[PDB]
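Below is one structure, written out as structure tokens, with a few remarks after it.
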Amino acid sequence: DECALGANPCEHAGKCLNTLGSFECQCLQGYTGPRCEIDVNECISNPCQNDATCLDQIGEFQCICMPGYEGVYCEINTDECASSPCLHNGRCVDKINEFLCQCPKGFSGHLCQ
Amino acid sequence: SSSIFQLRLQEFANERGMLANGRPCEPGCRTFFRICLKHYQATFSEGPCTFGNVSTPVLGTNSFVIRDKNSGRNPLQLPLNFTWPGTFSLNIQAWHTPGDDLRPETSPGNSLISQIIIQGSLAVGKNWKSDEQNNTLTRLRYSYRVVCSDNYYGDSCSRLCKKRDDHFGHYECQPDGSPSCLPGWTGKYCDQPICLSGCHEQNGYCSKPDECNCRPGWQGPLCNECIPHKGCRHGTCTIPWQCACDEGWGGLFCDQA
Ligand SMILES: *[C@@H]1O[C@H](CO)[C@@H](O)[C@H](O)[C@H]1NC(C)=O
Ligand SMILES: *[C@@H]1O[C@H](CO)[C@@H](O)[C@H](O)[C@H]1O
Ligand SMILES: *[C@@H]1O[C@H](CO)[C@@H](O)[C@H](O)[C@H]1O
Ligand SMILES: *[C@@H]1O[C@H](CO)[C@@H](O)[C@H](O)[C@H]1O
Ligand SMILES: *[C@@H]1O[C@@H](C)[C@@H](O)[C@@H](O)[C@@H]1O
Ligand SMILES: [Ca+2]
Ligand SMILES: [Ca+2]
Ligand SMILES: [Ca+2]
């Protein structure tokens, strides 16, 4: 029927499906509309937090986090003290893309070393 | 690759040929450019080029005017894996190389000349936005724009429009991506033929433009004329398969006074 009639009405590599006396387009992920000619905006749901920036890609969304934040939705404030940085029983103070080591007396330097 | 960032280098002024470190070029500043396009960040520049990076070959020495190249590739081309966000950050660096012009970035003696930085908002369009950057040592004059990939339309290049003239459609492309129906066609995708002028909307149809075919029980150029009941001799019709007797006639098929 409709699909064998030459070219492809579904534009972005979508599959042609024959209805009766007509057809419908099986759109690949990230495409909508009758004949898949429109790029779906994957960033409508505003998935990412912490003042990030959403990038609408083909079939998926990508977010650039503000410095110090991470995760797919930029939902995680990175514990910069996770690696146990301050040595010799120093104290660790996490902030944002930044960490400070409280230095006990007799020790100095960035890592209190 | 739905949208494209275009960057045209126009003119670069660098008399004396001075590097960043204050040393003069020897023998002259064989200048190539590194471009870094990334997202708008009000805070200090951190991270890589998220929108894409590109290095150019040596374009000139010291002060020179840059010509367009249809096939270097000026204006520069940056295809994006994403829809244009509207905001951006642009980093243009001028460099010097003692090595070959083929891939100047692949040379050990590379030294920086000068660089500039701009960020802000930009809307998709064929309109070139031009800007100058003057300093005591160097001057840079350039222009840039964001356009849609070929056959792509809309404010965000998110709609595809390839022109058709076959069974699936007969249309041209409007700037917003919506089909512009060819003469004699209608519908969303312009695949519905416009029947002959005056052809009965209810009783007539067509498969080709300016044609008029009659649904069962009708005839004529406009399919507006009924066909009386088979065997109707002295009677008329308004609706197919009828036999409304004339004057002085009667009976079902109208044939007896
Ligand atoms: C940059 O320098 C040029 C000199 O050729 C001058 O014409 C132009 O106005 C300057 N741009 C400014 C001052 O913004
Ligand atoms: C399939 O149906 C659509 C409307 O849904 C029509 O435009 C096409 O002509 C038909 O093949
Ligand atoms: C909207 O947010 C959801 C999170 O559930 C994500 O899966 C979608 O891709 C996004 O458009
Ligand atoms: C984990 O430890 C490393 C030391 O290698 C430090 O650089 C990081 O800041 C910390 O998170
Ligand atoms: C995307 O990145 C974030 C971090 C902010 O700088 C935004 O303004 C930008 O659009
Ligand atoms: Ca069908
Ligand atoms: Ca998309
Ligand atoms: Ca933190």
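Ordering of the structure tokens sets the chain letters (A, B, ...), residue numbers begin anew at 1 in every chain, and ligands are numbered from 1 in the order given.
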Write out, as JSON lines, each residue of chain B that has an atom at most 6 Å from chain A, together with the closest pair of atoms and their distance in Å to one decimal, counting only C-alpha atoms, rows going by chain and rising number.
{"residue": "B:82", "atom": "CA", "partner": "A:57", "partner_atom": "CA", "distance": 4.2}
{"residue": "B:83", "atom": "CA", "partner": "A:56", "partner_atom": "CA", "distance": 5.3}
{"residue": "B:158", "atom": "CA", "partner": "A:39", "partner_atom": "CA", "distance": 4.9}
{"residue": "B:159", "atom": "CA", "partner": "A:38", "partner_atom": "CA", "distance": 4.4}
{"residue": "B:160", "atom": "CA", "partner": "A:37", "partner_atom": "CA", "distance": 4.9}
Residue subset to file, keeping N, CA, C and O atoms, as a PDB file, in the first residue's frame:
ATOM      1  N   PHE B  82      23.383  20.025  19.482  1.00  0.00           N
ATOM      2  CA  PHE B  82      22.255  20.465  20.287  1.00  0.00           C
ATOM      3  C   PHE B  82      21.571  21.697  19.710  1.00  0.00           C
ATOM      4  O   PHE B  82      22.090  22.340  18.797  1.00  0.00           O
ATOM      5  N   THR B  83      20.401  22.018  20.251  1.00  0.00           N
ATOM      6  CA  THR B  83      19.678  23.219  19.859  1.00  0.00           C
ATOM      7  C   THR B  83      20.320  24.429  20.524  1.00  0.00           C
ATOM      8  O   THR B  83      20.709  24.365  21.691  1.00  0.00           O
ATOM      9  N   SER B 158      14.323  23.722  14.820  1.00  0.00           N
ATOM     10  CA  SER B 158      13.802  22.462  15.337  1.00  0.00           C
ATOM     11  C   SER B 158      12.746  21.844  14.428  1.00  0.00           C
ATOM     12  O   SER B 158      12.090  20.874  14.804  1.00  0.00           O
ATOM     13  N   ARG B 159      12.586  22.398  13.231  1.00  0.00           N
ATOM     14  CA  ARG B 159      11.611  21.867  12.285  1.00  0.00           C
ATOM     15  C   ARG B 159      12.207  21.671  10.896  1.00  0.00           C
ATOM     16  O   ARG B 159      12.811  22.582  10.331  1.00  0.00           O
ATOM     17  N   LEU B 160      12.031  20.471  10.352  1.00  0.00           N
ATOM     18  CA  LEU B 160      12.560  20.130   9.038  1.00  0.00           C
ATOM     19  C   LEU B 160      11.530  20.356   7.939  1.00  0.00           C
ATOM     20  O   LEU B 160      10.358  20.012   8.094  1.00  0.00           O
TER      21      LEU B 160
END
Inset, instruction - Taking only C-alpha atoms and all ligand atoms into account, report as an MDAnalysis selection string which residues have an atom no farther than 6 Å from an atom of ligand 5. - result: (chainID A and resid 52:53 64:66) or (chainID B and resid 39:42 87)
Contact check, chain B to ligand 2, at most 7 Å, counting only C-alpha atoms and all ligand atoms, closest pairs as JSON lines:
{"residue": "B:168", "atom": "CA", "partner": "ligand 2", "partner_atom_place_in_ligand_line": "9 (O)", "distance": 6.9}
{"residue": "B:189", "atom": "CA", "partner": "ligand 2", "partner_atom_place_in_ligand_line": "7 (O)", "distance": 6.6}
{"residue": "B:191", "atom": "CA", "partner": "ligand 2", "partner_atom_place_in_ligand_line": "9 (O)", "distance": 5.9}
{"residue": "B:192", "atom": "CA", "partner": "ligand 2", "partner_atom_place_in_ligand_line": "9 (O)", "distance": 6.8}
Residues as selected, C-alpha atoms, written as a compact mmCIF listing (two decimals), in the first residue's frame, can you do that?
# COMPACT_ATOMS: atom_id res chain seq x y z
CA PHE B 168 2.99 12.46 -0.16
CA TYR B 189 0.98 18.40 3.80
CA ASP B 191 -1.52 16.02 -0.63
CA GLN B 192 -5.24 16.65 -1.05
Inset, instruction - Write out as a PyMOL selection string each polymer residue (protein, DNA or RNA) that has an atom no more than 9 Å from ligand 6, with only C-alpha atoms and all ligand atoms counted. - result: chain A and resi 1-3+17-24
Keeping C-alpha atoms for every residue in the selection just given, could you write it to a file as a PDB file, in the first residue's frame?
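What ended up in out.pdb:
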ATOM      1  CA  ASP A   1       0.000   0.000   0.000  1.00  0.00           C
ATOM      2  CA  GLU A   2       1.147   3.500   0.962  1.00  0.00           C
ATOM      3  CA  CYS A   3       4.736   2.708   1.990  1.00  0.00           C
ATOM      4  CA  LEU A  17       3.524   2.092   8.568  1.00  0.00           C
ATOM      5  CA  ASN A  18       0.572   1.522   6.276  1.00  0.00           C
ATOM      6  CA  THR A  19      -2.870   2.180   7.576  1.00  0.00           C
ATOM      7  CA  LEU A  20      -5.762   1.593   5.141  1.00  0.00           C
ATOM      8  CA  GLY A  21      -6.247   4.190   2.453  1.00  0.00           C
ATOM      9  CA  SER A  22      -3.479   5.975   4.366  1.00  0.00           C
ATOM     10  CA  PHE A  23      -0.341   5.756   6.553  1.00  0.00           C
ATOM     11  CA  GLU A  24       1.326   6.836   9.815  1.00  0.00           C
TER      12      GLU A  24
END
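Among all protein and nucleic acid residues, the ones that lie within 8 Å of ligand 1 when counting only C-alpha atoms and all ligand atoms are residues 132, 133, 134 and 139 of chain B.
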Saved selection, atoms kept: C-alpha atoms, as a PDB file, in the first residue's frame:
ATOM      1  CA  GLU B 132      35.692  45.229  17.151  1.00  0.00           C
ATOM      2  CA  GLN B 133      38.291  44.750  19.883  1.00  0.00           C
ATOM      3  CA  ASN B 134      41.014  47.391  20.162  1.00  0.00           C
ATOM      4  CA  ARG B 139      43.111  45.139  16.982  1.00  0.00           C
TER       5      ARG B 139
END
Inset, instruction - Find the spatial neighbours of residue 149 (chain B), counting only C-alpha atoms, within a cut-off of 9 Å - ignore same-chain residues fewer than 2 positions away - and output them as number ranges by chain. - result: B: 1-4, 79, 147, 151-153, 157
